[PDB]
Each structure stands twice: as structure tokens, then as C-alpha cells.
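Have a look below at one chain only, the form deposited in one PDB entry, in C-alpha cells format.
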């Protein structure tokens, strides 16, 4: 298939109260398709780092890979990790970019 980039971002959480990422995921009768960055919030660690983008797929947190768990379980892990101190390592597939919110109609 067409080449996709992956990046690993190490976040110093000392000066932040949040990653500042929303998470969206698709789950239906056909399976779970993984979890993605929905949007980013200025003021959080991920914005300050400046590499991750809406639409990127979150593959792994620290050494915990999500590709063989449910979206719900992946989110449980992310939840656990953000409530503990110290650096957070996020690895994303660069599936994102090019997204625009047009608002309500």
C-alpha cells in the first residue's frame, strides 16, 4: 500500500495539565477500527510539541500497543496513563492532516 509515516512524540508533562487531544474511534458489527486524534486543544502538551494532527491514528502509548485491543480498552489505557505523573510517549500513524471544521448547518 501507499507509504504512511509514523512519529513518536515524548511529552514532558511537568508544565501541562492535559495532553489536549480528543479521541474518536469507530466500532460496529465489522469490528473496531482504532482510535484517532479528533482535535487538539491549545494550551496542552500535544499542541506545544507541534507534531501530532487531527486525524492521526494513535497506535501506542509508551510501550503499550493498541492494535490488538478494542477502542474502549485502548481509551482505558490512555485514561490510566494521563492520571499518572511523568513523561508520556505517543506514537501515531500520520493518517491525519487536511481536516477542517465547517460548523453547524
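Only the largest set of C-alpha atoms that superpose within 1.5 Å between the two forms is called the rigid core. Numbering follows the first chain given and starts at 1.
Trainee: In a third or more of the other entries compared, is residue 30 missing its coordinates?
Mentor: Yes, left without coordinates in at least a third.
Trainee: I'd like to know whether residue 20, which is modelled here, goes unmodelled in a third or more of the other compared entries that cover its flanking residues.
Mentor: Comparison shows residue 20 kept in all of the other entries.
Trainee: Report the third (lowest, middle or highest) to which the CA temperature factor of residue 75 belongs, ranking only the modelled residues of the same chain.
Mentor: Residue 75: CA B-factor falls in the middle third of its chain.
Trainee: What third of the chain, by the recorded C-alpha B-factor, contains residue 56?
Mentor: It falls in the bottom third of the chain.
Trainee: Among the chain's modelled residues, which third holds the C-alpha B-factor of residue 21?
Mentor: According to the entry, residue 21 has a C-alpha B-factor in the chain's middle third.
Trainee: Sorting by Cα B-factor within the chain, modelled residues only, which third would residue 35 end up in: lowest, middle or highest?
Mentor: According to the entry, residue 35 has a C-alpha B-factor in the chain's lowest third.
Trainee: Would you please rank residue 105 by its C-alpha temperature factor against the other modelled residues of its chain and give the third it falls in: lowest, middle or highest?
Mentor: Middle third - that is where residue 105 ends up once the chain's C-alpha B-factors are sorted.
If you look for the form deposited in another entry, you will not find it shown, but the lines that follow are about it.
Trainee: Would you say whether residue 43 is displaced between the shown form and the other one, judging by a C-alpha shift of 2 Å or more on the superposed rigid core?
Mentor: The answer is no, as the C-alpha of residue 43 shifts between the shown form and the other one by less than 2 Å after core alignment.
Trainee: For a quick test of reading the superposition: does residue 60 move by 2 Å or more at the CA between the shown form and the other one, rigid core aligned?
Mentor: No, its C-alpha moves less than 2 Å.
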